[PDB]
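Everything on this sheet refers to the single structure shown next.
Nothing in this text is a laboratory measurement; each read-out follows from the coordinates by a stated rule. Here the Cβ positions follow ideal geometry from the backbone for every residue, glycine too, while neighbour counts run over all protein chains shown.
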Amino acid sequence: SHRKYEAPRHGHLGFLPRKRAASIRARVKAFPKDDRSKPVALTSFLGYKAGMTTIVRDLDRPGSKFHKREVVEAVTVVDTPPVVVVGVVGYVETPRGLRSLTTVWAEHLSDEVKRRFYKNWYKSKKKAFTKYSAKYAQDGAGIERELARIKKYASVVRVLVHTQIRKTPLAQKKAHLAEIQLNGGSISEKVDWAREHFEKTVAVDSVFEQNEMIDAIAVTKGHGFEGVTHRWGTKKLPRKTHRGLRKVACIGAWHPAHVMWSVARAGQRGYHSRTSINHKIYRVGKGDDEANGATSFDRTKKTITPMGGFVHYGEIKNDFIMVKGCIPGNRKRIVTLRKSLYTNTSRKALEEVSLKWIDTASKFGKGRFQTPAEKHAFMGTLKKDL
Amino acid sequence: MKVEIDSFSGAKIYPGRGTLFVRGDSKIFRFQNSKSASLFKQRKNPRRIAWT
Amino acid sequence: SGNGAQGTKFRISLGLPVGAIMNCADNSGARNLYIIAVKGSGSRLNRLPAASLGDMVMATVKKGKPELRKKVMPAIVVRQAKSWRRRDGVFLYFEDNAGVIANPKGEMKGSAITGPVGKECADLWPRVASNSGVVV
RNA sequence: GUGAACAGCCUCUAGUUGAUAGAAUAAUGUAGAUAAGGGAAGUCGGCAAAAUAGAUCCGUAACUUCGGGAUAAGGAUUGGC
RNA sequence: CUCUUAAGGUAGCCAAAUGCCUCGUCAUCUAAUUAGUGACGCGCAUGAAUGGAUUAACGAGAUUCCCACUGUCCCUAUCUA
RNA sequence: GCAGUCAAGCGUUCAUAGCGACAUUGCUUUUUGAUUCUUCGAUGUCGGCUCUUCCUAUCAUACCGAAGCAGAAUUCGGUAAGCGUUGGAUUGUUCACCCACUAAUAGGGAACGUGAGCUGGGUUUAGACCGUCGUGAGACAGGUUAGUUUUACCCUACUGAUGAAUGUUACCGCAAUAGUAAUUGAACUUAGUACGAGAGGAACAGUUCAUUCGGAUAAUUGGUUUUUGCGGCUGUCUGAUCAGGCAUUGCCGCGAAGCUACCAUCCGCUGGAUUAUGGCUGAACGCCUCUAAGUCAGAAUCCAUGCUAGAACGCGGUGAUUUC
């Protein structure tokens with residue numbers, strides 16, 4: 001009645017309500033400011049988070065105790081095969097908000113995506129875009145018209161792309177489909193680029209580059225129904241308390257005579273949407289490269305995949321993004337990697353990294369070896385073999 | 001970047017792995033994991049632990 | 001850390017909450033240092049203030065020369081048993097907690113330190129570095 | 001049988017297998033455990049927990065109604081062959 | 001020497017489970033003690049089988065500290081039924 | 001308790017930098033009284049713990065105007081409640097008092113917030129000792145010790161979770177409304193510089209770190225162990241061996257995975273418009289004047305960007321739409 005001692009409230013009221021996300025694919029809610037002066041290009045990319053490993057590198061940061069010295073950092077690797085372009089959607093400005101006027105799709109869609117439009121594929125007749133396809137029959141018009149409508153009206157333009165989830169260890173056959181804003185220049189140029197890419201493929205190395213700071217958008221890992229203590233970091237009550245002690249003791253004063261939206265309560269924890277910013281690209285992997293995991297210092301032939309394989313994920317056989325630190329969501333989960341809404345100049349953000357070594361030991365226990373070759377060298381001959 | 005060796009097991013220690021103890025004299029010890037670390041604490045003898 | 005310090009100290013894990021008693025590693029005649037405050041340190045309802053390698057603490061001497069007891073003096077933490085992680089990825093730790101009596105400017109009361117002494121402490125405090133034997 | 005033992009633990013004779021059941025394994029509980037570093041800073045208060053513990057050999061203060069205090073305290077030892 | 005009303009607190013003990021003032025004053029223990037202990041005593045209102053003082057042993061009694069111990073706490077996590 | 005008006009006086013000189021007597025106008029309702037309106041077929045005391053929110057008479061932090069402002073330090077004052085406001089010793093305490101850290105350790109409200117939320121130390125039943133009082137039974141707003149803390153499954157609120165009906169079903173989207181977040185310190189350098197007789201002694205820009213908070217995450221390190229996963233051990237039972245049972249998970253060492261910790265690591269955006277205030281042009285008033293008209297700069301403020309939900313009676317674009 002004036003709280004005896006003062007403390008900060010538990011938890012952030014800007015991340016309410018703490019409910020399950022609508023979709024498991026978190027929504028890109030903002031794309032970068034468009035600079036229509038430069039080449040048409042994608043502003044985000046879709047991938048699957050595969051696991052984390054460890055890096056070594058010299059730091060470059062004059063004035064730091066750790067300048068010109070080796071530091072060792074957690075990284076996370078996200079499996080990033082090429083994305084296929086299959087549509088363009090045009091948006092108009094209105095006094096009520098951005099609104100979509102049409103979507104024009106590609107003549108041919110793969111099963112991977114088509115499957116996204118069904119709940120019972122095994123037994124459907126797979127009629128998905130079968131009448132739409134015929135719009136291509138006519139030398140162009142129906143399609144060529146709608147393209148023209150987007151050129152004429154339309155204020156922002158997004159492509160529709162999907163993951164090639166089959167190129168990935170996942171059991172799931174259904175691919176993930178998303179709109180991604182086209183930021184390169186000019187509405188007309190945008191739709192042509194889009195037209196030209198229909199059914200074609202786009203790789204990450206045409207979106208993102210080493211040292212870039214990028215944002216990650218993903219639904220957070222679920223945890224089911226949580227109590228107040230772990231959900232909000234409320235303080236345990238004393239051992240002595242009757243009727244349990246993972247609670248908050250006082251849910252409210254007498255007036256307002258209503259439990260209030262700001263007190264902590266049990267309920268869902270996890271499976272929330274997070275846009276996490278400022279994650280520096282430390283590697284852009286090529287899938288064709290059998291030395292993915294190597295360095296100009298660690299010259300050995302090895303791929304990024306850990307001995308044993310990424311736990312609970314499998315192998316990395318495609319292009320990949322390696323990002324410093326960590327990212328929301330869990331292994332297997334779809335992630336959108338978005339580019340920065342701003343021009344960071346951090347010095348931390350401008351630093352150019354070069355890896356020196358990338359861990360590759362088994363993450364399935366205290367792994368002591370990077371490559372099968374190294375293991376055999378150390379152990380010598382066993383009772384299997386030879 | 002250097003690979004240290006586990007001073008109980010002779011095991012390769014890559015950067016970040018295990019722990020480093022610094023004794024009273026100042027003899028530095030490095031373990032590759034918490035197993036060698038523990039056997040060291042129990043005053044086990046590497047020469048009698050067969051996997052070393 | 002404290003004030004008198006030359007430089008900054010990257011965060012190191014806390015091992016010594018107020019009430020902790022550490023070995024006194026100088027030749028001042030104190031045997032213990034008992035920590036009553038940590039010079040660094042901000043506030044959180046119920047959080048005990050706690051020190052770590054290179055922090056200046058305020059202490060009293062529980063065991064040791066009478067002329068040196070029953071009073072608060074600054075000390076500096078030079079070894080901690082609680083493990084901590086360095087920017088180069090190594091998690092290390094010492095075999096005991098140990099400190100050295102100092103004045104508020106960082107000058108050490110004693111003139112020798114017994115045991116090794118972690119670099120982080122050494123870097124923050126020249127006069128300790130000076131009197132140190134092995135460092136890390 | 002173990003062991004100092006009518007203890008505890010396992011067994012033979014005899015007797016039971018009866019006290020709604022199925023599927024899950026959220027919160028919060030009730031009962032049972034463990035925790036890096038610190039060590040009572042928690043609290044009206046060490047409440048609750050933890051630590052000690054059998055035996056053999058050594059050793060054992062003040063005080064005292066000379067009976068005690070005293071397993072004071074503090075230590076070494078302990079399997080198998 | 002005197003008054004009330006018969007006498008006028010001896011031996012002891014004491015801020016005591018009896019002291020208002022009062023968290024008394026001094027000393028001790030602590031970084032710090034309305035706590036503890038040793039002292040002091042014109043003691044509101046200690047005091048002699050309405051028993052006073054001392055006291056070894058004993059105490060699921062009240063109280064203070066120290067070692068050991070520790071999730072009491074810093075600051076919470078995890079597991080079983 | 002808090003704030004004014006007058007200005008005799010203080011303030012070397014000087015009423016008003018900072019203060020301010022005699023008097024005098026007020027404000028507040030966390031003081032204490034006064035009252036006795038509600039409740040005596042019941043509204044569960046004090047303190048603490050926990051947690052949310054509000055006030056501003058602002059302690060810190062942002063930007064300013066004053067000074068008996070040289071510098072440093074302070075003090076008065078404005079816009080400010082955006083954001084913090086602590087760790088201990090003694091006491092049941094609120095209060096009080098010391099130690100100690102700190103940017104600072106402001107003051108208050110919400111049935112003197114908060115007991116089907118806890119605790120039960122104090123108060124205030126019945127046991128009991130003492131002192132005072134009383135012939136006594138007993139009494140004491142005196143000391144002392146021991147003294148059972150009940151119920152939610154209903155409504156609502158709050159947290160989260162499904163969901164009928166708008167041809168059907170699916171995919172991609174909009175964004176009204178509501179929420180919203182970051183915080184504070186130090187070091188290097190500026191600089192032993194500006195200022196100063198000296199003693200002393202700043203700041204802006206730039207750099208590296210840290211505090212409090214928040215959101216994730218599990219490479220690593222650490223914790224957990226019915227992986228009853230491998231091994232070791234006691235006692236018994238299966239004639240022995242092999243291999244096993246029982247000992248409420250028998251015990252011990254290691255122990256993958258999962259979970260998880262400022263005990264671990266990563267991440268926490270940038271535009272506008274304003275307040276105070278300082279000014280420009282400028283009358284009123286041929287002078288003057290930041291103000292009347294007009295106008296520049298301007299804060300931890302506000303509004304957007306960004307971030308979280310997405311109206312289950314707000315909406316767009318798109319695919320496929322039944323012969324058995």
Query raised in the report: Whole number please: convex hull volume per residue of the Cα set in region A:238-322, in Å³?
Result: 244
Query raised in the report: Once the principal axes of the Cα atoms of region C:16-66 are found, what is the range along each, listed largest first in whole angstroms?
Result: 36, 19, 12
Query raised in the report: Which FRET efficiency value, to the nearest 0.05, is calculated for B:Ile49 and A:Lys119 with the Förster distance at 45 angstrom and r the Cβ-Cβ distance?
Result: 0.20
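As a footprinting exposure proxy, order A:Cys326, C:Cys24, C:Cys121 by other Cβ within 10 Å, with the fewest listed first.
On the way: A:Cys326 14, C:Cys24 25, C:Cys121 28.
Ranked by crowding around the Cβ, least crowded first: A:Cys326, C:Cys24, C:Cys121.
Could you compute the net charge surrounding C:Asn23? Neighbours are other residues with a C-beta less than 9 Å from the C-beta of C:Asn23; K and R count +1, D and E count -1.
On the way: positive: C:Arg31, C:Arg79; negative: C:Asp96.
Around C:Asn23, the surrounding residues sum to +1.
Just want the ordering: A:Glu352, A:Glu146, A:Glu189, from fewest to most Cβ atoms lying within 10 Å of their own Cβ. Before the final figure, lay out the partial values.
On the way: A:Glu352 8, A:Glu146 19, A:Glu189 16.
Taking fewest neighbouring Cβ atoms as first place, the list is A:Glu352, A:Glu189, A:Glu146.
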Query raised in the report: If one computes the Cα centroid of region A:317-360 and of region A:151-181, what distance in Å separates the two points?
Result: 21
Query raised in the report: Once both labels are modelled 7 Å past Cα along the beta-carbon direction, what's the C:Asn46-A:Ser262 spacing in nm?
Result: 2.0
Query - Viscosity 1.567 mPa s, temperature 4 °C, Stokes-Einstein D of region C:31-136 from Kirkwood C-alpha radius, µm²/s - result: 91
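Looking only at other chains, what is the average number of their beta-carbon atoms within 10 angstrom of each beta-carbon in A:65-74?
Numbers: counts 8, 4, 0, 0, 2, 6, 5, 11, 3, 2.
Going residue by residue through A:65-74 and averaging, the value is 4.
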Query raised in the report: Tell me, what are the semi-axes, in whole angstrom and largest first, of the equivalent ellipsoid of region A:143-266 as set by the roots of 5 times the Cα gyration tensor eigenvalues?
Result: 52, 21, 14
Query raised in the report: Can you give the convex hull volume per residue for the Cα atoms of region A:82-202, as a whole number of Å³?
Result: 121
Report summary line: Taking placed amide H atoms and a strict 5 Å upper bound, the residues 5 or more places from C:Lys62 or on another chain that come that close are C:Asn32, C:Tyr34
Report task. Counting other Cβ atoms within 10 Å, keep those with at most 16, restrict to DSSP loop, and tell me which trypsin sites (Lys or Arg not before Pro) in region C:1-75 are left. Result -> C:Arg11, C:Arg31, C:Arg44, C:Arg47, C:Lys62, C:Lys63, C:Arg69, C:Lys70, C:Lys71
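Add -39500 (n - 2.57) for each DSSP H run of 4 or more in chain C, then divide by its residues: what number comes out at 222 nm, to the nearest 500 deg cm²/dmol?
It comes out at -2000 deg cm²/dmol, rounded to the nearest 500.
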Query raised in the report: What is the distance, in nm, between label points placed 7 Å from the Cα along the Cα-to-Cβ direction at A:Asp205 and at C:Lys71?
Result: 7.1
Requested in this report: Please arrange A:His272, A:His255 by counting, for each residue, the other beta carbons lying within 10 Å of its beta carbon, fewest first.
Outcome: A:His255, A:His272
Query raised in the report: Antiparallel DSSP bridges in chain C: what percent, to the nearest 5?
Result: 90
Query raised in the report: If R0 is 22 Å, what FRET efficiency do you get for A:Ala137 and A:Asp192 from their C-beta distance, rounded to 0.05?
Result: 0.50
Report task. Could you work out how far apart the two model spin labels at B:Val3 and A:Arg274 are, taking each label as a point 7 Å from the Cα in the direction of the beta carbon, and quote it in nm? Result -> 3.5
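Run through region A:192-269 and list the chymotrypsin sites (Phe, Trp or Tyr not before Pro) located in a DSSP loop whose Cβ has at most 13 other Cβ atoms within 10 Å.
Sparse-neighbourhood loop chymotrypsin sites (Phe, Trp or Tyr not before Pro): A:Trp254, A:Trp261.
Provide the net charge surrounding C:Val135, with neighbours chosen by a C-beta distance below 13 Å and charges set as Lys +1, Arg +1, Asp -1, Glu -1.
Numbers: positive: C:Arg79, C:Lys119; negative: C:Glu120, C:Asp123.
Value of the local net charge: 0.
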Query raised in the report: Restricting attention to region A:3-84, which GluC sites (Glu not before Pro) occupy a DSSP loop and are surrounded by at most 14 other Cβ atoms within 10 Å?
Result: A:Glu6
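What's the local net charge at C:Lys39, with K and R +1, D and E -1, over the other residues with C-beta under 13 Å away?
On the way: positive: C:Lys9, C:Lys105; negative: C:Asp55.
Summing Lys/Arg as +1 and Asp/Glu as -1 gives +1.
Which value results for Rg/Rh of chain A when Rg is the Cα radius of gyration and Rh the Kirkwood radius based on the inverse mean 1/r?
Values: Rg = 25.3 Å, Rh = 24.4 Å.
Checking Rg against Rh, the ratio lands at 1.04.
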**Report entry** Helical contribution to [θ] at 222 nm, DSSP H n ≥ 4, -39,500 (n - 2.57), averaged over chain A, rounded to 500
**Finding:** -3000 deg cm²/dmol
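Between C:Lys119 and C:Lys63, what FRET efficiency comes out of the Förster formula 1/(1 + (r/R0)^6) with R0 = 45 Å and r the beta carbon distance, rounded to 0.05?
Working: r = 29 Å, r/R0 = 0.63.
Efficiency at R0 = 45 Å is approximately 0.95.
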Requested in this report: Could you tell me what fraction of 2.2 N^0.38 Å the Cα radius of gyration of region A:196-286 comes to, as a two-decimal ratio?
Outcome: 1.85
**Report entry** Amide hydrogen neighbours beyond the local backbone of A:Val156, cut-off 5 Å, H modeled
**Finding:** A:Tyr91
